[PDB]
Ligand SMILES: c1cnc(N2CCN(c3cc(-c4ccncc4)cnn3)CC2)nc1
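In the block that follows, a single chain appears as structure tokens, in the form deposited without the named molecule.
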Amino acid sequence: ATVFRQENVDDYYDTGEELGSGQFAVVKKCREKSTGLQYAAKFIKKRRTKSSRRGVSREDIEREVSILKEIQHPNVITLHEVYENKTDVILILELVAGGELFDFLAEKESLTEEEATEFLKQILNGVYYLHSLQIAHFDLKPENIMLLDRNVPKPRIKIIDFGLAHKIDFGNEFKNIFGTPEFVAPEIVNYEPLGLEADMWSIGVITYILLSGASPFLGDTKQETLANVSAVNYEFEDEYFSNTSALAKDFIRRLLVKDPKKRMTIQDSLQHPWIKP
């Protein structure tokens, strides 16, 4: 998939407001001239020279593009097209316009656990699909859980940002993953082999924040946060978890496990009685 479209994107699309700014990536909304349809345009700066640390290596760009090219599931973002100029690879992606799931839930007046599980189940449906493809996201956190559109009765969740996604064909991959300290699994912290299990840890962190609004492993410095992850230093603070069901804590307890091989699997969690009683 090395040679992308080499036309001027401005010839086929108009681009407007910024939607996100990753490092080495900016996302602008855009409208395809030929169809009227709107999309997100992710501009990934190529490093262009192996010595340059301003940009993303081609290998990383090709990895995200071929993982996106493979997936097609209602709970996962769709890739429409890819362009490449002399500075950027441009990913034309499905426009996800409902904002962050947590933003949306922040505006709810109330949230039972029951309501919370119907949004969480969507996340699990999309991860299940990814893992059935032996694809690990590695960057699962609230910023990458979007709503297609909030103004729908029950909105639909979209998993985004496949910049760390990997096909795990050997049962582990061995490389350093630089994710978000609060959500990466202990094995990412300790530069050990990584698998689908790491996403399961991240899911356990999300569920925690989702039910308490507190971050389980968050410390006063980046290294303390990492030390908390690796030590599995978290507690169900009664200040945040007094009215939280036991079945919910058992769910969380089985995902926040340092030994990945003992961590609950995606299909186990879909069968967990907190998810389907």
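Shifts are known only where both forms have a C-alpha. Whichever C-alpha set is largest while still superposing within 1.5 Å between the two forms counts as the rigid core. For every residue, the number given is its place in the sequence shown, counted from 1.
Not on display, but discussed next: the form deposited with the named molecule bound.
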Testing 117-125, 197-205, 184-192, 155-163 against the named molecule in the entry with it bound with a 4.5 Å heavy atom criterion leaves exactly one stretch, namely 155-163
Practice task
Decide whether residue 113 counts as a contact residue for the named molecule in the entry with it bound under a heavy atom distance cut-off of 4.5 Å.
Solution key: no
Using a 4.5 Å heavy atom cut-off, state whether residue 210 contacts the named molecule in the entry with it bound. no
Does residue 75 reach the named molecule in the entry with it bound, with heavy atoms at most 4.5 Å apart? no
Indicate whether the named molecule has at least one heavy atom within 4.5 Å of a heavy atom of residue 252 in the entry with it bound. no
Every residue of 42, 143 and 146 near the named molecule in the entry with it bound, heavy atom within 4.5 Å: yes
Residues in 15-37 that come within 4.5 Å of the named molecule in the entry with it bound by at least one heavy atom, in order, are 19, 27
Out of 168, 71, 105, 95, the position with Cα displaced 2 angstroms or more between this form and the one not shown on rigid-core fit is 105
Listed in sequence order, the shifted stretches between this form and the one not shown (at least 3 consecutive residues, every Cα moved by 2 Å or more, rigid core superposed) come to 101-112, 150-155
